[PDB]
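K.L.:
There are 4 protein chains.
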Amino acid sequence: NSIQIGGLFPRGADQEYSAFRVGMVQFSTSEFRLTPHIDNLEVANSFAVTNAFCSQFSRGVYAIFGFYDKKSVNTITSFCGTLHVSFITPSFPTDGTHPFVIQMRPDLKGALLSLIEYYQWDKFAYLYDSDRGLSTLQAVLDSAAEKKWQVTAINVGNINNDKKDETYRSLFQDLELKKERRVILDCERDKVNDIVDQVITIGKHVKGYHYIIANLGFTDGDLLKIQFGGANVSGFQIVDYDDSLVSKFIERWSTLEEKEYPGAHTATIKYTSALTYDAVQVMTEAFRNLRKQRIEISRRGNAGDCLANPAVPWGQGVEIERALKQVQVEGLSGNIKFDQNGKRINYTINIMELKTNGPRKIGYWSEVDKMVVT
Amino acid sequence: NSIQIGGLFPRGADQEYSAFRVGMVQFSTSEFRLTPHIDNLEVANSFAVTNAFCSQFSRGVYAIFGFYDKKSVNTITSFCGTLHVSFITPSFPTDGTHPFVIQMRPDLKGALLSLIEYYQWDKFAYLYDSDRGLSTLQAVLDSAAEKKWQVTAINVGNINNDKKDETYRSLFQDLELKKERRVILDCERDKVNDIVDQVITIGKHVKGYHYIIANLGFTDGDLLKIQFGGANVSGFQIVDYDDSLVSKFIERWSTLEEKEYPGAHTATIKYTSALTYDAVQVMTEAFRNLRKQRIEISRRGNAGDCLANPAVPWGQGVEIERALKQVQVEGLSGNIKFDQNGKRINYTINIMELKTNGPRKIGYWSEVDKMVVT
Amino acid sequence: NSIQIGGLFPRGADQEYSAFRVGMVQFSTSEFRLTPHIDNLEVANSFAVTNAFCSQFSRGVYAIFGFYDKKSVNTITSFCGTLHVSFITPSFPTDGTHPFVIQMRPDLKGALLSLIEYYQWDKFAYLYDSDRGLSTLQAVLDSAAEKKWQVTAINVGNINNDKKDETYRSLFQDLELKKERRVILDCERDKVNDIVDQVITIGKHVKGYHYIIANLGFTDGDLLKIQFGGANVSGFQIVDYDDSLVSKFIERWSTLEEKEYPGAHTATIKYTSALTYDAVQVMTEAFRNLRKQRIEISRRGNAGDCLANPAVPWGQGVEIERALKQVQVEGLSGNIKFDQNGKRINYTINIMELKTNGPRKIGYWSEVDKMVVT
Amino acid sequence: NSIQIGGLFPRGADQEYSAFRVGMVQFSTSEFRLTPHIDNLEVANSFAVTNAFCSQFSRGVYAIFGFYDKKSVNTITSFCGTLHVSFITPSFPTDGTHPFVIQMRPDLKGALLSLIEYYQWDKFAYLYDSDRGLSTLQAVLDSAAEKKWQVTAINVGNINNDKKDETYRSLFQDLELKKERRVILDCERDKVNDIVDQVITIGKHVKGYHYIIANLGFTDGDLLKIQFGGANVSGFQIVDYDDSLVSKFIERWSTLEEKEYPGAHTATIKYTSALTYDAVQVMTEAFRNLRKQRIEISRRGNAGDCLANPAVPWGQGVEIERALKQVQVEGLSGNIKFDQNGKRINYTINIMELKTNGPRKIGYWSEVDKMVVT
Ligand SMILES: *[C@@H]1O[C@H](CO)[C@@H](O[C@@H]2O[C@H](CO)[C@@H](O[C@@H]3O[C@H](CO)[C@@H](O)[C@H](O)[C@@H]3O)[C@H](O)[C@H]2NC(C)=O)[C@H](O)[C@H]1NC(C)=O
Ligand SMILES: *[C@@H]1O[C@H](CO)[C@@H](O[C@@H]2O[C@H](CO)[C@@H](O[C@@H]3O[C@H](CO)[C@@H](O)[C@H](O)[C@@H]3O)[C@H](O)[C@H]2NC(C)=O)[C@H](O)[C@H]1NC(C)=O
Ligand SMILES: *[C@@H]1O[C@H](CO)[C@@H](O[C@@H]2O[C@H](CO)[C@@H](O)[C@H](O)[C@H]2NC(C)=O)[C@H](O)[C@H]1NC(C)=O
Ligand SMILES: *[C@@H]1O[C@H](CO)[C@@H](O[C@@H]2O[C@H](CO)[C@@H](O)[C@H](O)[C@H]2NC(C)=O)[C@H](O)[C@H]1NC(C)=O
Ligand SMILES: *[C@@H]1O[C@H](CO)[C@@H](O)[C@H](O)[C@H]1NC(C)=O
């Protein structure tokens, strides 16, 4: 017995595929090994996404894995809900419940607002980018209306990097004359690097400037640049380099080669690859459970076409979904347990503060409890 | 001749289809005819939208008319840009550049900001509905940062229709706490109607307050239940009922046998229906210019499917776009001229106020010239 | 042993006839049965009233139930007092003392004056209607002269359904001129509803005002519109929904259907229909008491003619009157007991306020004890 | 040329019947005669009024003359407007439009308010009775709210005679609370006489106190009982004993004995009798106009009864209305012209002021022209 799945990846994501492959070989059960059919593409292009989805569907697949973007999420969820097909993804959670989706990335509004309240903040600048949804923006606006914060929201994605050098100085002079020292960067890792580059270029990271990063990849980017800048820099992390699971994994990982396993001859891993590992873990766990419950959801014939009207659902997929969301596992990202919808719950996020010696875990946040300090 | 096209109407757009039929019968002639294949659907279901698009593309149409929403726009844009088939629509404009799309609804951010500057506001509230987009919210936030305002933003989209009575009351109570007299509603017609009902109920339409309907359909809502409260009320209009063309159209529209043409026996008309009328007009003019240019625009049953891998378009489509964006004509919305990206230009927006003796066009706004008073 | 009676109802009073039947079946048989002959008619047309009265007196009835108006009351009073035929009615009591008339409606003047003294008013407005008499107006004017008040009286009855909005708006504007915030409506359900709609339209139900509905139908009106405006709204009630008999009756009453029992599938009930039910109870009790006293009230022959000269009144009629003015029971309206003139006594009027949570009683008013607080 | 009519008179009306006979004489056209069937009754008893009406309608009458009060007017209006039967009366007009009713008495609100203004009044009192309608009271309160008056209204018709000494005493003492020196008396003849008697008893008839008689007969009561005292006293006069016609009539009125013509040997005549005279005159004139228009209105004791179901009128009746509301003569009351409703149009009232010498005509009030000076 062997289950066939479909994988969707962007054009330029080597480390995530490396993690997927190493997880496949590690967790490979001689009882049943998985056969993934891979499709690389431009995740933003919804046409290519739909073409790939239809191709995987015509191949008779029970579950799909891959990333989605802001311009490719609604079609994904709609297809999954209409065909009752399972889509696993470490990408940003959806702006609301969406059945038949497995979110391996935890929310961030909670821990972020907790950190804010903890540092006793009342005024700051939220520099955001429309890449992972705008739920955090709406969340902070609501919490500002609640606690009466004088927050200033500013988008940066529409600004061309070419012309985004003079407007930068303009807005920074505005912040200086307004004394907007506190900032929150809800942007992508690459954009975060670009912005810290511009900052080091202007040197506006003097004492008082308390920078916060609204992402889980704190140690992923470059922080040795602002290490000794005397600037309050904070962030979150989801993978703990302290536990033994992560330690043995990173051993076996950095002990690899960048020839057949790109982006794997180092230590600093990206939370995306860790969530891919955990997703392979949960997938094999759910398939083992389905095989042990005496349930054979194996389709006799091909699932057929996607655009074929009317919709052609099937209950074995509903059982698959109920199986994925009936799981409780450990991985590089900590504890893993989903609710009835598909989100991830019972998790912990390690808060980190940048210092001269380097980053230090200054506490942890969870859902049952608020932010904790150690 | 006889040229066929498609229509992607929602389930609940009757006035729009009525105006579509009206334009079809009026602008029609013997030079050729327009054959629309219509589809009434759930416009948020990206799966259904994709099915309808692929269908109308298999039939070999030359263009498409219809609608979309935040949960269906990227699919349409990518499909049209990959297949080079055009797509006309009165729905909200795309937050960016997108080819093979003709957007009939002009932008609103500019006129809104000009009006706010005219009234010289510094601290106010903004009630938005996530279900329609947030570009305007982001624009106003940027302008506030650049102008030191106090914008209290609030989402009213997640509010179901089962208990949306105490929610608004608590909301406006909280606003009264913050001493919020000035408000801006960026919502559809039904939502603004409900909000106004609750305002009246809590008696918040009296002198001292202000309201601004961030929509081109000012006189389309039941603006009479508040015309006598005593509160400032401003808004925007795109159809000028004091023009010759609008009156000559109403002469035939108010006598249309509503049973036959739903939502027709009246003198009011939603701006979506007017933009649909203008859309029929512009596509007719474009195909007429094209047929009168000595170009072979013959297309046979050689399209087939939409998921063709590789996906090859037909190069004649690019011509239609070049001809659909080279139209400079007048209609219910006023002047109509498009740019290279499909957005509208050289347009006018009548800034209206509400007085006890009815609304009155206090001024006009444009993109080349800022707000103008009279 | 079926006892014949008559009934006079307007054209539009169906809830009242429904309650009449409910009562006829509740007290159906103690030692006998009843038999009503109904007549619907324009009650303000004294000609039809006279025709009905004469037709019923010809059928040899022992009593009569029905309504009247300001312009159909002297006819009833005279005919009854000359022919010795009782007349039970919930309509407005007479502007004086008249025999052979049982007025089931209590007087509202005393409680209204006590309430006005309680709120300590000195200058206010009184909106009256030429519908049920001006006795209240005369009483309040006299008490004003005796207490140095400033009453602004306005008639709102002699206006058609063609300029209502203009009339009410101009009226309340004239009020605003005098800075009048305290108002008293002596109108009925329809008029108060219209006035409330209009005052909401102009926004005068907000904090800083005070209204008093001078009718026992406080809850019977639609107050849900102004429950949240923030303005005082006082009123009177005669049926305590929080009682035992009222609760059992409303349980038995809301279960019925609007097909056989119009206006009998709700939780509320107008004081007119409640008084109708109580009147059925009164008539039953009186005739049963007569049967207990062993009185053969049978006619020796036919009643005769309604206009016979010399008009001869059958003596037994007098005794009937006594049995109607001697009974004391407990019903919806409360302690039902009459005096030697037909009026009501030992009654209780529950004063009510409209708080945001809903109409919550504050006290009660009696004839021996003035307004009580609670 | 022999017409039978009906007359309704109170039990105690002498001057009115005397004038009726004198008029039937002075207009006994040799062409045709008017045979009256007279009925003396208690006009405050709707039963007797209706019985008499039916008796006269049975004997085949074409027109009916008589009086009524606030307790018998709606009966008359309904019976007439239903059976299409004319009813002439000098009694108080009807508040509204009631067809088939000739109202020879002019209204009084106009001249009354015009006088109030001509004397520059701002605050005063108004003692009325409930026996002739509250129209004047309502008009006064309306024009007060419109002209910012401080008016103290009182009802003095609900009190007996023995309890007047104390009641009137306390009433006047309270009236002096606001130091009232200007009062209006909209009462009957006996009422005003008792009022002025109690006044002189209390001694408040001295200068400073201004009284007004709100009626047309400011010559009949004790014009001299309170004359001496220099106290401002005013009044109205519909008749003018100086005119030639009135003098030629009074010359015979006085000479005429009292036995066969009770209440006749005098020089002053209660306005009711003058209007009775004018009524006979106009009825003769109308029947003459009809007999001249070559019209047959043959009617007799065949029309049937009053309570017939369904009450059917007869066409030839309506014409008589057009024959009474479309005539014009010059009698005691002056120019007589009616409208489509039945009331007068172009009457000329005279004003009178009392001095130690006697009454003196001040000016005259009309409908088109307001008060006038001589
Ligand atoms: C940057 O990081 C340093 C790390 O220690 C922060 O230092 C201490 O942090 C607290 C809170 O994070 C600061 O204080 C608060 O103190 C003010 C009084 O100044 C009080 O009103 C507030 O209620 C709150 O308790 C404190 O000033 C700061 N420094 C010291 C010497 O304790 C620092 O706050 C972080 N932010 C910046 C802008 O440096
Ligand atoms: C509703 O609209 C009326 C329009 O009359 C607004 O009255 C407006 O009143 C304000 C008062 O602050 C005026 O502002 C002023 O101009 C004078 C003279 O330059 C200046 O000295 C003041 O400091 C203030 O800036 C405003 O001009 C006037 N409207 C217009 C069109 O001129 C009323 O405020 C509006 N209601 C609300 C709630 O906004
Ligand atoms: C409305 O109701 C409030 C609360 O009952 C009234 O406020 C009272 O008004 C009197 C004046 O008559 C004040 O002395 C009191 O302090 C007020 N509060 C209380 C708790 O008694 C108010 O007057 C009423 N009328 C209006 C127009 O608001
Ligand atoms: C009573 O009548 C007299 C004259 O007949 C009125 O008198 C003068 O009238 C002018 C007109 O406004 C007033 O300004 C004077 O005050 C009047 N003089 C006096 C001595 O009163 C008078 O106004 C009338 N009213 C009263 C109450 O006497
Ligand atoms: C805008 O449109 C109007 C109407 O067609 C036209 O007259 C005007 O020239 C246009 N503006 C420009 C800049 O072309």
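For the protein sequence lines, the chains are A, B, C and D, in the order given. Under full-length UniProt numbering, the first residue of the first sequence carries the number 25, and numbering increases by one thereafter. Under full-length UniProt numbering, the first residue of the second sequence carries the number 25, and numbering increases by one thereafter. Under full-length UniProt numbering, the first residue of the third sequence carries the number 25, and numbering increases by one thereafter. Under full-length UniProt numbering, the first residue of the fourth sequence carries the number 25, and numbering increases by one thereafter. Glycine included, each C-beta is placed from N, C-alpha and C at the ideal position.
Which residues mark the beginning and the end of the beta strand (DSSP E) in which residue 31 of chain A is found?
P.N.:
Indexing the first sequence from 1 puts residue 31 of chain A at position 7. Unbroken beta strand (DSSP E) run through residue 31 of chain A: 28-34.
K.L.:
If we ignore side chains and look at the alpha-carbon of each, how far apart do residue 138 of chain B and residue 293 of chain A end up?
P.N.:
Here residue 138 of chain B refers to the residue found at position 114 of the second sequence. Here residue 293 of chain A refers to the residue found at position 269 of the first sequence. Looking at the two C-alpha atoms, the distance is approximately 49 Å.
K.L.:
Could you spell out the range, first to last residue, of the beta strand (DSSP E) harbouring residue 384 of chain D?
P.N.:
If you number the fourth sequence from 1, residue 384 of chain D lands on position 360. Per DSSP, residue 384 of chain D belongs to the beta strand (DSSP E) from 383-389.
K.L.:
Between B/146, B/378, B/143 and B/92, which lies nearest to residue 70 of chain B when the distance is taken from Cα to Cα?
P.N.:
Residue numbering aside, residue 70 of chain B sits at position 46 when the second sequence is read from its first letter. For the residues B/146, B/378, B/143 and B/92, the minimum Cα distance to residue 70 of chain B belongs to B/92.
K.L.:
Could you name the residues of chain B that residue 169 of chain A contacts, counting a contact when the two beta carbons are closer than 7 Å?
P.N.:
Taking the first residue of the first sequence as position 1, residue 169 of chain A is located at position 145. Residues of chain B passing the Cβ test: 176 and 178.
K.L.:
In or out: residue 296 of chain D buried (at least 16 other Cβ within 10 Å) or exposed?
P.N.:
Taking the fourth sequence and counting its residues from 1, the one referred to as residue 296 of chain D is at position 272. Classified as buried, residue 296 of chain D has 16 or more neighbouring CB atoms from the shown chains inside 10 Å of its CB.
K.L.:
DSSP on residue 352 of chain C, reduced to helix/strand/coil?
P.N.:
Sequence index remark: in the third sequence, residue 352 of chain C carries index 328 (1-based). The answer is strand: DSSP assigns residue 352 of chain C an E or B state.
K.L.:
Does residue 148 of chain B get closer than 7 Å to chain A when you measure Cβ to Cβ?
P.N.:
As a working mapping, residue 148 of chain B is identified with position 124 in the second sequence. Not an interface residue.
K.L.:
Can you tell me whether residue 148 of chain C is helix, strand or coil according to DSSP?
P.N.:
Residue mapping note: residue 148 of chain C aligns to position 124 of the third sequence, counting from 1. Residue 148 of chain C falls in the strand class under three-state DSSP.
K.L.:
Relative to ligand 3, is the shortest distance from any of its heavy atoms to the C-beta of residue 156 of chain B smaller than 6 Å?
P.N.:
Numbered from 1 along the second sequence, position 132 holds the residue referred to as residue 156 of chain B. Incorrect: residue 156 of chain B has no Cβ contact closer than 6 Å to ligand 3.
K.L.:
So, for residue 104 of chain B: in the same chain, excluding its five sequence neighbours on each side, which residues have a beta-carbon less than 7 Å away from its beta-carbon?
P.N.:
Here residue 104 of chain B refers to the residue found at position 80 of the second sequence. In chain order, 110, 111, 124 and 125 place their CB closer than 7 Å to the CB of residue 104 of chain B, counting only its own chain and leaving out the 5 sequence neighbours on each side.
K.L.:
For residue 332 of chain B, does the count of other Cβ atoms within 10 angstroms reach 16, so buried, or fall short, so exposed?
P.N.:
In the second sequence, counting from the first residue as 1, residue 332 of chain B sits at position 308. With fewer than 16 Cβ atoms within 10 Å of its Cβ, residue 332 of chain B is classed as exposed.
K.L.:
Where residue 240 of chain D and residue 302 of chain D are concerned, what is the direct C-alpha to C-alpha distance, given to the nearest angstrom?
P.N.:
Position 216 of the fourth sequence holds residue 240 of chain D. Position 278 of the fourth sequence holds residue 302 of chain D. Distance between the alpha carbons of residue 240 of chain D and residue 302 of chain D: 16 Å.
K.L.:
With a threshold of 7 Å between beta carbons, is residue 165 of chain B in contact with chain A?
P.N.:
Locating residue 165 of chain B in the second sequence gives position 141, where the first residue counts as 1. Chain A contact via Cβ: present.
K.L.:
Determine, using beta carbons only, whether residue 70 of chain A comes closer than 7 Å to chain B.
P.N.:
Position 46 of the first sequence, counting from 1, holds the residue named residue 70 of chain A. It does; some Cβ of chain B falls within 7 Å.
K.L.:
On the DSSP bridge list, what partners appear for residue 25 of chain B?
P.N.:
Against the second sequence, residue 25 of chain B aligns to sequence position 1. Partner(s): none; residue 25 of chain B has no beta bridge.
K.L.:
What's the C-alpha gap between residue 304 of chain D and residue 95 of chain C?
P.N.:
By 1-based counting over the fourth sequence, the position of residue 304 of chain D is 280. By 1-based counting over the third sequence, the position of residue 95 of chain C is 71. A straight line joining the alpha-carbon of residue 304 of chain D with that of residue 95 of chain C spans about 29 Å.
K.L.:
Taking DSSP's pairing of strands, which residues face residue 362 of chain D in a bridge?
P.N.:
The residue you call residue 362 of chain D lines up with position 338 of the fourth sequence. Looking at the DSSP assignment, residue 362 of chain D forms a beta bridge with D/368.
K.L.:
State buried or exposed for residue 246 of chain B, treating a residue as buried only when at least 16 other CB atoms are found within 10 Å of its CB.
P.N.:
Numbered from its first residue, the second sequence carries residue 246 of chain B at position 222. Exposed is the call here.
K.L.:
Taking all protein chains shown into account, do 16 or more other C-beta atoms lie within 10 angstroms of the C-beta of residue 388 of chain B, making it buried, or fewer, making it exposed?
P.N.:
In the second sequence, residue 388 of chain B corresponds to position 364, counting from 1. It is buried - the Cβ of residue 388 of chain B has at least 16 other Cβ atoms within 10 Å.
K.L.:
With a 10 Å radius around its C-beta and 16 neighbouring C-beta atoms as the bar for buried, classify residue 357 of chain D as buried or exposed.
P.N.:
Stepping through the fourth sequence from its first residue, residue 357 of chain D is reached at position 333. Result: buried.
K.L.:
Using a C-beta cutoff of 7 Å, does residue 102 of chain C count as contacting chain D?
P.N.:
Taking the first residue of the third sequence as position 1, residue 102 of chain C is located at position 78. So yes, residue 102 of chain C belongs to the interface.
K.L.:
Comparing the CB of residue 64 of chain D with every heavy atom of ligand 4, is any distance shorter than 6 Å?
P.N.:
Taking the fourth sequence and counting its residues from 1, the one referred to as residue 64 of chain D is at position 40. Answer for residue 64 of chain D: no, Cβ out of range of ligand 4.
K.L.:
In this structure, does DSSP put residue 378 of chain A in helix, strand or coil?
P.N.:
In the first sequence, residue 378 of chain A corresponds to position 354, counting from 1. Note: residue 378 of chain A maps to strand in three-state DSSP.
K.L.:
By DSSP, does residue 113 of chain A sit in helix, in strand, or in coil?
P.N.:
Numbered from its first residue, the first sequence carries residue 113 of chain A at position 89. In the structure shown, residue 113 of chain A adopts extended strand secondary structure according to DSSP, grouped into three states.
K.L.:
Is it true that the CB of residue 85 of chain B sits closer than 7 Å to the CB of residue 127 of chain B?
P.N.:
Within the second sequence, numbered from 1, the residue matching residue 127 of chain B stands at position 103. Within the second sequence, numbered from 1, the residue matching residue 85 of chain B stands at position 61. Taking 7 Å as the Cβ cut-off, residue 127 of chain B and residue 85 of chain B do not qualify as a contacting pair.
K.L.:
Quick check on residue 59 of chain B: does DSSP put it in helix, strand or coil?
P.N.:
As a working note, residue 59 of chain B is residue 35 in the second sequence. Residue 59 of chain B: strand per DSSP, three-state reduction.
K.L.:
Any heavy atom of ligand 5 within a distance shorter than 6 Å of the CB on residue 404 of chain B?
P.N.:
Beyond the ends of chain B as shown, which are 25 and 398, falls residue 404 of chain B; an answer cannot be given.
K.L.:
Does residue 374 of chain D come within less than 7 Å of chain C when only Cβ atoms are used?
P.N.:
As a working mapping, residue 374 of chain D is identified with position 350 in the fourth sequence. Closer than 7 Å: no.
K.L.:
I'd like the span of the beta strand (DSSP E) that includes residue 206 of chain D, first residue to last.
P.N.:
Along the fourth sequence, one-based indexing puts residue 206 of chain D at 182. Element bounds for residue 206 of chain D: 206-210.
K.L.:
Can you find the residues in the same chain that come closer than 7 Å, C-beta to C-beta, to residue 212 of chain A, ignoring five residues on each side of it along the sequence?
P.N.:
Here residue 212 of chain A refers to the residue found at position 188 when the first sequence is read from its first residue. Taken in chain order, the residues that qualify are 153 and 155.
K.L.:
Under a CB-based cut-off of 7 Å, is residue 162 of chain C close to chain D?
P.N.:
Position 138 of the third sequence, counted from the first residue, corresponds to residue 162 of chain C. Closer than 7 Å: yes.
K.L.:
Taking 7 Å as the cut-off, decide whether the C-beta atoms of residue 309 of chain C and residue 351 of chain C are in contact.
P.N.:
Reading the third sequence from its first residue, position 285 is the one you call residue 309 of chain C. Reading the third sequence from its first residue, position 327 is the one you call residue 351 of chain C. Result yes, Cβ atoms of residue 309 of chain C and residue 351 of chain C sit closer than 7 Å.
K.L.:
At a CB-CB cut-off below 7 Å, which residues of chain D make contact with residue 188 of chain C?
P.N.:
Within the third sequence, numbered from 1, the residue matching residue 188 of chain C stands at position 164. In chain order: nothing, as chain D lies at least about 18 Å away.
K.L.:
May I ask you to report which of helix, strand or coil DSSP gives residue 232 of chain D?
P.N.:
The residue given as residue 232 of chain D occupies position 208 in the fourth sequence. Here residue 232 of chain D sits in coil by DSSP.
K.L.:
Taking DSSP as the reference, what is the three-state secondary structure of residue 121 of chain C?
P.N.:
As a position in the third sequence, residue 121 of chain C is number 97, starting the count at 1. It is coil, neither helix nor strand.
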